[PDB]
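Turn this into a model:
(4 chains, ligands or ions: 7)
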Protein chains: 4
Amino acid sequence: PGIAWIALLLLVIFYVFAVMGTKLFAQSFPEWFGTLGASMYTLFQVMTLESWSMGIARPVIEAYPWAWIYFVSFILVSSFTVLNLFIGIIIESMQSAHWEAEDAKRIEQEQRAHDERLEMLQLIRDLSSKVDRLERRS
Amino acid sequence: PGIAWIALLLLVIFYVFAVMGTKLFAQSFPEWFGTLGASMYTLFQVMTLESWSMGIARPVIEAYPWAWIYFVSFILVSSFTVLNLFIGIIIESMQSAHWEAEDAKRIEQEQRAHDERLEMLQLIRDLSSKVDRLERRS
Amino acid sequence: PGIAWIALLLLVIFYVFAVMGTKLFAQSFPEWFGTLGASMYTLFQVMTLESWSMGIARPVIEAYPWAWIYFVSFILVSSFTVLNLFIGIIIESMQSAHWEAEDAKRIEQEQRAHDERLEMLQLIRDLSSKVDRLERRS
Amino acid sequence: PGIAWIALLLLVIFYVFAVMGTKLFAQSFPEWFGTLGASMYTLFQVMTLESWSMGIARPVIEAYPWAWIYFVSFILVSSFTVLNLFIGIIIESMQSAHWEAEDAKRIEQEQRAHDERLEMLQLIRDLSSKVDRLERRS
Ligand SMILES: [Ca+2]
Ligand SMILES: [Ca+2]
Ligand SMILES: [Ca+2]
Ligand SMILES: [Ca+2]
Ligand SMILES: [Ca+2]
Ligand SMILES: [Ca+2]
Ligand code: NI
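Numbering: from 1, shown residues only, chains lettered A, B, ... in the order given. Ligands and ions are numbered 1, 2, ... in the order given. Right below this line is the structure:
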């Protein structure tokens, strides 16, 4: 398992949407989705939202009016699984640094004093033992 | 109950703004604001800031002066309510992967000792009597 | 003050920069910098990186070769004090629903660490204080 | 050392890619790559993804079509090290507000007891010793 297990998926979301888009607009926007690699590129351009809509979608949408769904969806997914990936890093680097350290040091400072209390506790039975013997010898 | 509230609110924000956008720039910028389902797009584009001003606002404003406020305001709120939403995952993904798991494991370990330092404590008051029995009894 | 202090700072930064566009690209790029409320607008557009130099400072810089310094810096500063501000929100949001009231409940956990402890010791001394009345006899 | 370590890195790439990019495109795309000083510009114009494929890579690519690779890669890395760099600031600011400051408050309410109980303890022996000293007394 893991976090970069998304870098797997994203590039498959990609693979998917590329092939999907290529099958459609290969026909009539072979400028962009002429080929797979072409769609690949385009879709990374779209990933980046560098004229994503006016450049690509809207033209494509004029020809294929529903395409809006394709482009709008790809985006929400593309971006979403990046946000989902990017944060998995905020986390796996956030708590890589002072959060492994602390958990260990308090796992340590805590068993430090189940140590202290418990035995120090003991001398008190050892005392309720020495003294125990003496209300007897009273 | 939860953060889909911002989502909802931010989805409200769309509905709400796409609504006005439709009615106003409808007749002037009809590809952009003719039908709701096309101010929706256009706003989702505006949302993404993909040729947001030069493509849509400037022209909507080169005609309608106040529209600026419309677009600007939409953006600030749009982005802002996500920023708020985005972070609400950084946090809830942080207060889920890390901030929550010890929140339990430390009151889990604190009670382990108020039951032990207070357990200690009985013995110490109980040595108190067995001996307060001896300033007098022995 | 805090987050809202950068807020101010930035909006300072903005006015201070739309200040210049208007004093500066006014005669000539009046679509963008002709007057203030239009630099303001432009500046916000430029902030958000919608056609910022292709649309804007490439043709402004077809005007002035130095102007590049103008739009570039504005961004690196503009973007910069937001990153600074944004972060101040992950921070003052990330330690506000997860990390804030812990320091108060662990103020309080470490609080009885004295209450029990100190009162226990109190007993200890009193034990001794009487035991010592028994070096006195025995 | 610190993290400007990455500022170096990115800035090495920002330099490296413009030098690499003048070599190729200087010839035939002068307005963007016929120099370094405007390559740089362009490359930060590219850094930002303002008309990146559409404005630039595409027509450039049109000429040296494998130019995609240079744009795409640039971008993946340019961005990616700002991600590693931005994160740094998230962490070196989340590890600065409470991470560094609070860790110290705990060094203190940790070492407060190994001192408090040392002597709670201490008094426990003395007590034991007097009774232990009362074995060879009576
Ligand atoms: Ca073309
Ligand atoms: Ca149409
Ligand atoms: Ca005009
Ligand atoms: Ca011109
Ligand atoms: Ca403790
Ligand atoms: Ca454009
Ligand atoms: Ni913590």
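
Do a quick rundown of the helices in chain A.
Residue ranges of the helices in chain A, as given by DSSP state H, are A:5-25, A:36-48, A:58-63, A:67-97, A:99-125, A:127-130, A:132-136.

Of the ones you listed, which stretch is the most buried?
Highest mean neighbour count among those (mean count of other Cβ atoms under 10 Å in any protein chain shown): helix A:36-48, with a mean of 21. For every residue, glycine as well, the C-beta is placed using N, CA and C.

Can that helix be said to contact chain D?
Yes - using Cβ under 8 Å from any Cβ of the partner chain as the criterion, contacts between helix A:36-48 and chain D involve A:41, A:44-45, A:48.

quick one: contacts for residue A:81?
Counting by Cβ atoms under 8 Å, 6 or more residues apart in numbering or on different chains, residue A:81 makes contact with A:6, A:9-10, A:13.

Residue of chain A nearest ligand 6, please.
Residue nearest to ligand 6 within chain A (Cβ to the ion): residue A:51, separated by 5.0 Å.

how many neighbours does the closest residue to that residue other than its chain neighbours have?
Here the nearest residue to residue A:51 in space, its sequence neighbours aside, is residue D:54; by Cβ to Cβ, 6 or more residues apart in numbering or on different chains that works out to 4.4 Å. Taking other Cβ atoms under 10 Å in any protein chain shown as the neighbour definition, residue D:54 ends up with a count of 18.

how far away is residue D:54 from residue D:42?
Residue D:54 sits 14 Å away from residue D:42 when distances are taken as Cβ to Cβ, to the nearest Å.

same thing with residue A:98?
Between residue A:98 and residue D:42 the computed distance is 40 Å (Cβ to Cβ).

Spatially nearest residue to residue A:25, not counting backbone neighbours?
Using Cβ to Cβ, 6+ apart and skipping the chain neighbours, the partner closest in space to residue A:25 is residue A:33 (4.1 Å).

mind listing what the one you found touches?
If you count contacts by Cβ under 8 Å, 6+ apart, then residue A:33 has A:21-22, A:24-26, A:39, A:42 around it.

at 7 Å what do you get?
For residue A:33, the contact set (Cβ atoms under 7 Å, 6 or more residues apart in numbering or on different chains) comprises A:21-22, A:25-26, A:39, A:42.

Residue A:123 now?
Listed by Cβ under 7 Å, 6+ apart, the contact partners of residue A:123 are D:124-125, D:128.

Dihedrals phi and psi, residue A:32?
Backbone torsions for residue A:32, taken as degrees, to the nearest 10, come to phi -100, psi -60.

Wait, it touches residue A:56, no?
Yes - distance between residue A:32 and residue A:56: 6.3 Å, which falls inside the contact criterion (Cβ atoms under 7 Å).

Could you check which of those two is surrounded by more residues?
Comparing residue A:32 with residue A:56 by other Cβ under 10 Å, the one with more neighbours is residue A:56, at 26 against 23.

And the more buried one, how close does it get to residue A:40?
In this structure, residue A:56 and residue A:40 are separated by 14 Å, where distance is defined by Cβ to Cβ.

Let me see the contact set for residue A:34.
residue A:26.

I meant residue A:111, not that one.
The contact partners of residue A:111, by Cβ under 7 Å, 6+ apart, come to none.

any idea how far residue A:34 lies from residue A:42?
Computed as Cβ to Cβ, the residue A:34 to residue A:42 distance reads 9 Å.

Would you confirm that residue A:45 contacts residue D:53?
Yes - the pair residue A:45 and residue D:53 passes the contact test of Cβ under 7 Å, sitting 4.1 Å apart.

re earlier: neighbours around the residue of chain A closest to ligand 6, how many?
Per other Cβ under 10 Å, the neighbour tally for residue A:51 reads 24.

Next to chain D in this structure, residues from chain A, please.
Proximity of chain A to chain D (Cβ under 7 Å from any Cβ of the partner chain) is limited to residues A:41, A:44-45, A:48, A:50-51, A:55, A:89-90, A:93-94, A:97-98, A:109, A:113, A:116, A:120, A:123-124, A:126-127, A:130-131.

same thing but at 8 Å, please
Near chain D, the residues belonging to chain A are A:41, A:44-45, A:48-51, A:55, A:86, A:89-90, A:93-94, A:97-98, A:102, A:106, A:109, A:112-113, A:116-117, A:120, A:123-124, A:126-127, A:130-131, A:134, A:137 when assessed by Cβ under 8 Å from any Cβ.

if I pick residue A:61, what's in contact with it?
Contact criterion Cβ under 8 Å, 6+ apart gives A:67-68, A:71 as the residues in contact with residue A:61.

In chain A, which residue is most central in space?
residue A:88 (2.6 Å; Cα atoms, centre = their mean).

show me the contacts for that residue.
Taking Cβ under 8 Å, 6+ apart, one finds A:3, A:6, B:93 in contact with residue A:88.

Which one of the residues you listed is nearest to residue C:60?
Residue C:60 has its nearest neighbour among the contacts of residue A:88 in residue A:6, at 40.8 Å by Cβ to Cβ.

right, and that closest one touches residue A:86 too?
No - checked against Cβ atoms under 8 Å, the pair residue A:6 and residue A:86 is beyond contact range at 9.4 Å.

Name the nearest of the residues of helix A:36-48 next to chain D relative to residue A:63.
Within the residues of helix A:36-48 next to chain D, proximity to residue A:63 (Cβ to Cβ) peaks at residue A:45, which comes in at 18.3 Å.

need the residues of chain A near chain B, please.
Checking chain A against chain B by Cβ under 8 Å from any Cβ, the hits are A:49-54, A:68, A:72, A:75, A:83, A:87-88, A:90-91, A:94-95, A:99, A:103, A:106, A:110, A:113-114, A:117-118, A:121, A:124-125, A:127-128, A:131-132, A:134-135, A:137-138.

swap the cut-off to 7 Å and go again
Within chain A, the positions lying close to chain B (Cβ under 7 Å from any Cβ) are A:49, A:51-54, A:68, A:72, A:83, A:87, A:90-91, A:94-95, A:99, A:103, A:110, A:117, A:121, A:124-125, A:127-128, A:131, A:134-135, A:138.

gap between residue A:119 and residue D:124?
Residue A:119 is 11 Å from residue D:124, by Cβ to Cβ.

Can you pull the residues of chain A lying near chain C?
Going by Cβ under 7 Å from any Cβ, none of the residues of chain A are near chain C.

Disregarding residues adjacent in the polypeptide, which is nearest to residue A:47?
Nearest-residue entry for residue A:47: residue A:78, 5.3 Å, with adjacent residues in sequence omitted and distances by Cβ to Cβ, 6+ apart.

Repeat that for residue A:32.
residue A:42 (4.4 Å).
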